[PDB]
């Protein structure tokens, strides 16, 4: 009955704000008017990226942003609401540049959540900003708080929530309540910084936006798909860092939740969230990329997949060699490692040597240039079907993507998602998800339905025996056990009843 969310990030730089225009694709490639009325129906939210946090621990614009020009750009967005019953113009604070451990503004994020006084100051400053420009909510895309600074981050979220609720009340917005989201890590290494406190992080949120992409890059030893749905046994595996999180669980409970090594996939990140108690599927949103990640130096043999590579990982890109054959955006934006789906469809469609291939295990596409040893991992309307099925099957809240300004001018990626959830003509029940590797981890938040003979006191239970008791199914870790299930360390809760 309820609609899957469709959360589209929207980026525009400070300099394109201050020289903003609707008619010069040289000064502004993707201006607001680019977003049709029919497109504005297709999105539930639009995250206007990015604001930041200045030395005073307040939410702010880039010091050299011009207010009037900044203001005009937002009303144009908020205007879109006329076309859509449900649209929210969120604003997003953070991004990688501002908030990474060695980003420009990093310390501000640390100090803004460090104390009650600061959290008060900062949270007020978020809402103050939200109303003062017409925004329908707040997104916090801090990549990422670390253990000591997670508690404060939590508190910050709680504070903002309360202030959003006060404002929802004040403006009589029960029809469309001011919302709070974050962009969350989509991979175990980064997710392990706050994993143990995930239920508290999610509680004050309408959604957690899983950045289930950028899971491969130049930093890796080996080329890999950046947003594989399921795992390919030919591909690389990784250490499950979540088995070392401060959870206080037993060896069995850890082993059962965190297989290691494992495949770094979308399914993996989602199940990892589901495994925690108090994290409802409905709040979990699957990110997907509207860009492609490009590698060079790939030895052939297997489509450029899982190969050693010569892609620099420095920031910024350290030279003037734009090797990504026939990507103008890469020249103008000065980085060949990232390309929009717009620019990718060109590259392929053109006369270029690129070969679009398909991995039937990961259900993702990838471009292979055999002449120049190039490999590109990305998503398209074809992979989006399998990701759309998963969202349904697993009963997630919907989809997020980065970003809208990297879809084409028609907007067929956006339209393809909207189709897979909504459009009544569309169907995907026969769609084969394949024999890709699933994350099989089980935790206390995603216990499978099971049955077993009822436990009987006085009975001696061997290693492995299963019984039913007080609503749950239990399993003996060793034998022979006579204690009541749950009363000592010999029992493992493996499933639930009825």
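Numbering follows the first chain given and starts at 1. So that the term is clear: the rigid core is the largest set of C-alpha atoms that superpose within 1.5 Å between two forms.
Enquirer: Comparing 279-287 with 317-325, which has C-alphas lying farther from the shown form in 7 other deposited structures of this protein once the core is aligned?
Expert: With the rigid core superposed, the C-alphas that lie farther in 7 other deposited structures of this protein are those of 317-325.
Enquirer: Report the stretch with the higher root mean square CA deviation, pooled over structures and residues in 7 other deposited structures of this protein, choosing between 150-158 and 326-334 after a rigid core fit.
Expert: Farther from the shown form on average in 7 other deposited structures of this protein: 326-334.
Enquirer: For the C-alpha atoms alone, is the average B factor greater in 285-293 or in 407-415, going by the entry?
Expert: The stretch with the larger average C-alpha B-factor is 407-415.
Enquirer: Give the stretch, out of 255-263 and 171-179, with the larger mean C-alpha temperature factor in the deposited entry.
Expert: Taking the mean B-factor of the alpha carbons in each, 171-179 is higher.
Enquirer: Using only the C-alpha B-factors in the record, can you name which of 92, 84, 146, 162 has the highest?
Expert: Top of the list by C-alpha B-factor: 84.
Enquirer: Taking the Cα B-factors listed in the entry, which of 239, 358, 378, 352 comes out highest?
Expert: If I rank 239, 358, 378, 352 by C-alpha B-factor, first place goes to 352.
Enquirer: Could you look up the Cα B-factor of residue 482 in the entry and say which third of the chain it sits in: lowest, middle or highest?
Expert: Lowest third.
Enquirer: Compared with the other modelled residues in the chain, in which third is the CA B-factor of residue 331?
Expert: CA B-factor rank for residue 331: highest third.
Enquirer: Taking only the Cα B-factors deposited for this chain, tell me whether residue 14 sits in the lowest, middle or highest third.
Expert: CA B-factor rank for residue 14: middle third.
Enquirer: Thinking about Cα B factors across the chain, which third does residue 106 belong to?
Expert: Middle third - that is where residue 106 ends up once the chain's C-alpha B-factors are sorted.
Enquirer: Can you work out whether the C-alpha temperature factor of residue 112 puts it in the lowest, middle or highest third of the chain?
Expert: For residue 112, whose C-alpha B-factor we compare with every modelled residue in the chain, the answer is the middle third.
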